[PDB]
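Everything below concerns the one structure shown next.
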Amino acid sequence: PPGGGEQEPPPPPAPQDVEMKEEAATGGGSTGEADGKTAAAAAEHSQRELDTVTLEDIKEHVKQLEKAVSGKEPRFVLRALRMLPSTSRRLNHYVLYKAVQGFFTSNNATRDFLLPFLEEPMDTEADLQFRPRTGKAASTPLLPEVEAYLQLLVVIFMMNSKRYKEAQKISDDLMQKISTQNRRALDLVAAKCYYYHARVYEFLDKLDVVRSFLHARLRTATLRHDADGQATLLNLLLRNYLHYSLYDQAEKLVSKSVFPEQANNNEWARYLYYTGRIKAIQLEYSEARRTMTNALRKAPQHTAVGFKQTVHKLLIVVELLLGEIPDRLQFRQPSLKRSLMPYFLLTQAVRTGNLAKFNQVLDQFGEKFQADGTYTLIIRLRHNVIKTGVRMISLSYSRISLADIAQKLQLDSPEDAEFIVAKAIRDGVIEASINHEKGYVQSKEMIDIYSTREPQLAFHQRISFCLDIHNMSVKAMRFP
Amino acid sequence: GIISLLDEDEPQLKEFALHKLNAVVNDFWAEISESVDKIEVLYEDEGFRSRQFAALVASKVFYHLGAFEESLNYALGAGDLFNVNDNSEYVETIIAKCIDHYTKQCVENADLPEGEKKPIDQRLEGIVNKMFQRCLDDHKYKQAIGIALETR
Amino acid sequence: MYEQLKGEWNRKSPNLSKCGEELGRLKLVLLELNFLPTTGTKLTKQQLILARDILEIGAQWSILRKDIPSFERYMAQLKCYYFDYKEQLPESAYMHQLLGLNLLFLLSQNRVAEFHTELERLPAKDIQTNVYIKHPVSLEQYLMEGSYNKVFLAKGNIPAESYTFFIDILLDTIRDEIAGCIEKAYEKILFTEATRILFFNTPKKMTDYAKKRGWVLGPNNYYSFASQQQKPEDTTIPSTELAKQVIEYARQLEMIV
Amino acid sequence: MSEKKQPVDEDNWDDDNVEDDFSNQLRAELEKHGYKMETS
Amino acid sequence: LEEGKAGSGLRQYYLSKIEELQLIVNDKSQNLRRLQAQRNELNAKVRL
C-alpha cells in the first residue's frame, strides 16, 4: 500500500500538464485565429486538432485511467464563462481544480452528471462566441469516451452527446451564416461527430431516420456555405448506402458534381475506394481498376495497422475480375498476412485454369469470403479465369487448335468451345480465325499497331495530363 | 419503384403519390431525379389543378440534379402557393434568384429609356413591395431606403 | 374489420374482371393507410402483410394478363415492402417465385445490371440457401457456357413456378443469338451441325435465318462468304484525323507557353 | 487515417511472387526433366 | 427583418467568401508581385 500509494499522486499532473495545454494553447490560440483570419479558415488549429484527437484516440483521450478520477470532463466544461481577457482566469481556475484531484478525495462527475454539464456553456450566460470550442467540449470528452463500448446506459449519453451537439448544430445553422469560417473549421468537427453518429448506431441498429437527417445537412450546405462539408456528408452516404441495399449505386450520378475540391487529401482517396466497390457491382472493370489503384497510391501515411491493410485487401478484388493479375503477396504485410491467407491462395488459383484447384479454394476458403460479401464475383470469375487461360495460350502461340486447347483448358467438348470463342470475339478478346470442318482453329499474328499510331496518340493524354499539373503547381504556388 | 403509379390518368392517385413524396422527399431526393419526364405529364395536364404544387416538386428535382434557373421558371407559374411560404431556408434562396432577376430587369428597363418594354411578371414585382411591407412593420429604417437603391 | 379481402386469393380469378375488382377493393386500402409511412403500433402493418399476399398474386395475375407495366408495378411495391425500415414481417408464400418472375423476365430483356441488384434483398444467402434463387444464378452460368443445351436440360425440371411464360421469351433471346454469337467469325458450318442447337427437324426459323442472315444458303452446308467478313483494311482516311490530332496538340504546347 | 469506418472493420518474399508460379506449374523441376532423358 | 438580417448575413457571407476567395487570389498575387519586383530589380541588375 505505501509503495503504490505514493505512486498515485505523480501521474495525474501529466494530464494536468499536456492535456491542459492541449485545449489551453490550441483553444486559446484558435480563439484569436477564429476571431479574425479566419483565412481560409486556417485556423490551422482545426487541422492541429486532427493531430490531437486522433493522437488522443490512442492515448490519453480525456481518459484514461492513468490513475485519475476522470475529472477533466467537468473541469473545462464549467466556468467558460466567458468575457474579455478574464478568460485567463478560467484557465487559472482550471489550474485551481487540479489540486482538488490531488488533495481531497477525488469524485467522478462524468456520465450521469454530464447532462447539465453540456448545457453549462449555455447556462454560463453566455458562451458567448465559439460553438466549435463547446462542440469540442461536447465531443472530445464524450466521443473519445465512446471507445470504451460498455453498451450499458451510457450509449444514450453518447446519444445525449449527439443531442446537445445537435443543439450546437442549432447554433451552427442559426448563428453566423455570413463569412462564418467556423463552419469550415466545424466541417472537420461536424464530420467526426457525424462519423460517431454512424458508429454508435451500428452497435444498436442501423440508422433509418438519420438517412433522412443526412440529406438535411447534405442539401442545406448547397449552395450557401460548402467547403469540404458536403464531401464528408457524401462519404457518410456512400459508406453505409453501400453496405445496405438498394439503388444507391447509380445514385452517384445525380449527386456529382465531384464534389470539388477534394479534401482533405487522403480523405477523398478512400472515397474512390467506396465508389470503387460500387462500380465493381456495376460489372465495369476498367473504371474500377483505375479508381482502386488510385485509392492506394493516394492514401498516406498509416501506421497502424490493418485499417489501411484491410481496405487494400478488398481493393485488389477488382483485379481478380480484370483477368490480368500477378501474385498478390507483393502487397502482403506481416500483420495483414495472417488475415489474407484464405484470400491469398485464391488469386494463386486464378493464374491457373484448373477447375479442381479452383473449386477446392472456394470450399475451404469460402468461410473468409462470407465476411467480405464478395460472393457476387465467384460465379462470374469462372468466366474470367477461362479468359486468362486462353489469353495465356493465345499470346504464347500463333495458331491454337480447338481440340488441343480443349483438354488443355479442359473445356471437355468441341461444342462449348465454339460458344466460348464466339463470345471471345464478341468481347474483342481474341482475333483468331476458325476453320470449321471437324473443326479446328487457325489464327495468325496480329500486327500493324507499329509505332507511328499508338504511342503518339496515347501521348495526347500523357501531355494533357502533365500540362494540367503545371497549373496545379502554379495554383499551389499562389497561396503562399 | 412507385414511378409506375403515374401512368394512370385518374387524378386521385396523384395526390396520394405526392402525399408520400413531400414527406419523405428529404430522404428520397435522389429518387425524384428520375421522375422528371412523368412529372411534366401532370404539369402539362389541363385537368390537373395541382400544377402549382407540381411546379414545386419539379423545382426540387432540378435543384437536386444541378438545375437552378429552370426551377426559377417554374417558380413564376407556381401561383400564390410558392410565395406564401416564408419558413426556414427555402425563402431566402428563391428571393436571391428572384430579386436579382428583378433588379437586373429594372436596370434594363431604365436603358430603354422609354417604350419597347420587356414583359415583367406581376408575381416577381409583386413580392417586392409585399415583402417590403415586412420592413415598415418591423420599424427598422436602415434598410427601408435600401430597397429603393436596389430596384433603382 | 373491413375485408372481405383474402377470400379471393385462394380461388384466384376466372377472368380479368375479378382482378380489377380486387384492385378496386385494394383502392380503399390505399386511401387510408396507403403504402407508407405508418410505423405504429406495428399491428397497423398487419393488413399490409394481408396487402402483400394479394399484391403477390397480383403479380401472378399480371403475368397471366401479360401486361408489362402492371407487372413491374406489383413487383416494385413488394420490393419496397421488404425494403421498408421495419424488417420483421411474417413469412409469405408467393414471395419466392415473384422475386424470380421479374428476375427471369429481366434476363429475357438482356439487362445484366438490374439482374444481380434484385437479388440484393438477400445476397449473402443466395448461394447458401433459397434454391428458387439458385436456379437463375445457375441458369445465367449456363448462358455463359453457352446454353442452348444445358438450359433446356434444366428446363425439364423447374418448380418453377410460373416461369413458363418467361422461358418462352428466354427462348427468343437465345434463339436470335445462334446467328449473332456463332459468327463472326467461322468459315463453314455443316447443315445438321446448326440443326443440333436449333433442335426441331427442319423449322422455318432456320429458313428465316437464310433470309435474315445473308450470309449464304449452301447445299448441305453454310458459308460465311465473302469473306469472314467484308475484309477490313480498315481505312487509309485516319491519316487525316492524325493531322487533326497534331492541331490541338501543338496548341497545348502553345498554351504553357 | 484513422477516421470513418476504417478502424471499425532482398527478400524471399519478393521472389515468392515468382516462386509460387513454380508451385502450381512444372514443379521446379529436376526428376521429371531428368526422367525425360530416356523417354525418347 | 427576416428578409433580412438573417439573409443579408448570408448575402454578406457571399462577399466575405469571395473576399477570402479574392484574398486567396490576392495572396496568389501578392507573392507573385514579388516575383515581378524581383525580376524587375533583376531587370535593373542587367542595367546595373
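FYI, it's all coordinate maths here, none of it is from the lab. Note: ideal-geometry Cβ built from the backbone for every residue, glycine included; neighbour counts use all protein chains shown.
Restricting attention to the stretch A:400-448, report how many residues are of a type outside the set (A, V, I, L, M, F, W, C) and in contact with a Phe, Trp or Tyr (Cβ under 7 Å, 6 or more places away or on another chain). Outline the logic, then answer.
Step one: list which residues in the stretch A:400-448 are of a type outside the set (A, V, I, L, M, F, W, C), which gives A:401, A:404, A:407-408, A:410, A:412-416, A:418, A:423, A:426-428, A:431, A:433, A:435-440, A:442-445, A:448.
Next, from what is left, pick out any that are in contact with a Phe, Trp or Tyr (Cβ under 7 Å, 6 or more places away or on another chain): A:401, A:436.
Residues meeting the conditions: 2.
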List pairs: first in the stretch A:386-401 and of a type in the set (A, V, I, L, M, F, W, C), second exposed (fewer than 15 other Cβ atoms within 10 Å of the Cβ) and in a loop (DSSP other than H, G, I, E, B), Cβ under 8 Å, 6+ apart or cross-chain? none
All but one of (1) surrounded by fewer than 17 Cβ atoms within 10 Å (Cβ to Cβ); (2) farther than 28 Å from C:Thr38 by Cα; (3) away from chain B (no Cβ under 14 Å) hold for C:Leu103; which doesn't? (1)
Find the helices (runs of 4 or more DSSP H) located wholly in the stretch A:121-209 whose residues include 1 or more that are of a type in the set (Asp, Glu), and list them. A:155-174, A:182-204
Considering residues that are in contact with a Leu (Cβ under 8 Å, 6 or more places away or on another chain) and of a type in the set (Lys, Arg), the number found within the stretch A:346-372 is 0
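Among the candidates C:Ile169, C:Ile247, which residue alone is among the β-branched types (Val, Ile, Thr), in a helix (DSSP H, G or I) and surrounded by 14 or more Cβ atoms within 10 Å (Cβ to Cβ)?
Numbers: C:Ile247 fails: surrounded by 14 or more Cβ atoms within 10 Å (Cβ to Cβ).
So the residue among C:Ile169, C:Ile247 that is among the β-branched types (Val, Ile, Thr), in a helix (DSSP H, G or I) and surrounded by 14 or more Cβ atoms within 10 Å (Cβ to Cβ) is C:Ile169.
Listed residues A:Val350, A:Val361; which is away from every other protein chain (no Cβ under 11 Å) and buried (at least 18 other Cβ atoms within 10 Å of the Cβ)? Quick ask: steps written out before the conclusion?
On the way: A:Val350 fails: away from every other protein chain (no Cβ under 11 Å).
Answer to the selection: A:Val361.
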Only one of (1) more than 14 Å from chain C (Cβ to nearest Cβ); (2) more than 19 Å from the chain's Cα centre (by Cα); (3) over 30 Å from B:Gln122 (Cβ atoms) is not met by B:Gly47, so which one is it? (3)
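Quick one: which residue in A:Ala432, A:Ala458, A:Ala476, A:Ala406 is in a loop (DSSP other than H, G, I, E, B) and either in contact with a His (Cβ under 9 Å, 6 or more places away or on another chain) or among the hydrophobic types (A, V, I, L, M, F, W, C) (or both)?
A:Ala432
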Flagged pairs (Cβ under 7 angstrom, 6 or more apart or on separate chains; first in the stretch A:246-267, under 19 Å from A:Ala40 (Cα atoms); second in a loop (DSSP other than H, G, I, E, B) and of a type in the set (A, V, I, L, M, F, W, C)) are none
Subset of the stretch C:125-141 (residues that are more than 9 Å from every other protein chain (Cβ to nearest Cβ), surrounded by 18 or more Cβ atoms within 10 Å (Cβ to Cβ) and under 22 Å from A:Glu367 (Cβ atoms)): C:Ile133
Sort out which residues of the stretch C:142-164 are surrounded by fewer than 18 Cβ atoms within 10 Å (Cβ to Cβ) and within 20 Å of C:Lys205 (Cα to Cα), and write them in order of number. C:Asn149, C:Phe152
Can A:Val53 be described as in a loop (DSSP other than H, G, I, E, B), crowded, with 19+ Cβ neighbours inside 10 Å and aliphatic (A, V, I, L, M)? no
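For the subset of the stretch C:142-170 comprising residues that are of a type in the set (A, V, I, L, M, F, W, C) and within 14 Å of another protein chain (Cβ to nearest Cβ), which member is nearest to the chain's Cα centre (by Cα)?
Taking the stretch C:142-170 and keeping what is of a type in the set (A, V, I, L, M, F, W, C), we get C:143-144, C:151-154, C:158, C:160, C:165-167, C:169-170.
Filter once more, so that each one left must be within 14 Å of another protein chain (Cβ to nearest Cβ): C:143-144, C:151-153.
Numbers: C:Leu143: 13, C:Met144: 15, C:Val151: 15, C:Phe152: 17, C:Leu153: 20 Å.
Checking each candidate, the answer is C:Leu143.
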Of those in the stretch A:234-267 that are away from chain B (no Cβ under 13 Å) and among the hydrophobic types (A, V, I, L, M, F, W, C), the residue nearest to A:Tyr195 (Cα to Cα) is A:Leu236
Pairing a residue in the stretch E:17-35 that is facing chain A (nearest Cβ under 7 Å) and part of a helix (DSSP H, G or I) with any residue that is of a type outside the set (A, V, I, L, M, F, W, C) and surrounded by 15 or more Cβ atoms within 10 Å (Cβ to Cβ), where Cβ atoms lie under 6 Å and the two sit 6 or more apart in sequence or on different chains, gives E:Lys28/A:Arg478
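Checking the conditions here, which among C:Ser162, C:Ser138 is at positive phi and of a type in the set (S, T, N, Q)?
On the way: C:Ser138 fails: at positive phi.
The unique qualifying residue is C:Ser162.
For the structure I just gave you, tell me whether E:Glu41 is within 25 Å of the chain's Cα centre (by Cα), part of a helix (DSSP H, G or I), more than 9 Å from every other protein chain (Cβ to nearest Cβ) and not aliphatic (A, V, I, L, M).
Yes.
Looking only at helices (runs of 4 or more DSSP H) that fall completely inside the stretch C:173-222, which ones have 1 or more residues that are within 11 Å of chain A (Cβ to nearest Cβ)?
C:177-182, C:191-198
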Conditions first: (1) polar (S, T, N, Q); (2) surrounded by fewer than 20 Cβ atoms within 10 Å (Cβ to Cβ); (3) over 30 Å from A:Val209 (Cβ atoms). C:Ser62 passes all but one, so which condition is the exception? (2)
Please determine, by comparing only the residues of the stretch B:83-102 that are closer than 23 Å to B:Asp27 by Cβ and hydrophobic (A, V, I, L, M, F, W, C), which one is farthest from the other protein chains (Cβ to nearest Cβ). B:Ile94
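Condition check ((1) within 10 Å of chain C (Cβ to nearest Cβ); (2) not small (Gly, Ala, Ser)) across all residues:
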residue: A:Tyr397; (1), (2): no, yes
residue: A:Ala403; (1), (2): no, no
residue: A:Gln407; (1), (2): no, yes
residue: A:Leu411; (1), (2): yes, yes
residue: A:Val421; (1), (2): yes, yes
residue: A:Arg426; (1), (2): yes, yes
residue: A:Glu431; (1), (2): yes, yes
residue: A:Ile434; (1), (2): yes, yes
Filter pass, A:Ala424 being surrounded by 15 or more Cβ atoms within 10 Å (Cβ to Cβ) and in a helix (DSSP H, G or I): yes
For A:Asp372, state whether it is acidic (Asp, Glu) and either crowded, with 18+ Cβ neighbours inside 10 Å or over 29 Å from A:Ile278 (Cβ atoms) (or both). no
Subset of the stretch D:1-13, residues within 16 Å of A:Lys337 (Cα to Cα) and more than 7 Å from chain A (Cβ to nearest Cβ), comes to D:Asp11, D:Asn12
Would you confirm whether or not the stretch A:200-210 contains a residue that is touching a helix residue (DSSP H, G or I) at 6+ places or on another chain (Cβ under 9 Å), facing another protein chain (nearest Cβ under 10 Å), of a type in the set (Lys, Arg) and under 25 Å from B:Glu89 (Cα atoms)? no
Going through (1) within 14 Å of chain B (Cβ to nearest Cβ); (2) closer than 20 Å to B:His19 by Cα; (3) β-branched (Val, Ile, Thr); (4) surrounded by fewer than 15 Cβ atoms within 10 Å (Cβ to Cβ) one by one, C:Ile68 fails only at (2)
Breaking point among (1) in contact with a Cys (Cβ under 6 Å, 6 or more places away or on another chain); (2) within 14 Å of chain B (Cβ to nearest Cβ), for C:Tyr85: (1)
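Could you say which residue among C:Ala160, C:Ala226 is closer than 24 Å to A:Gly428 by Cβ and either in a loop (DSSP other than H, G, I, E, B) or touching a helix residue (DSSP H, G or I) at 6+ places or on another chain (Cβ under 6 Å) (or both)? Lay out the reasoning, then the answer.
On the way: C:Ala160 fails: closer than 24 Å to A:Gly428 by Cβ.
It is C:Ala226.
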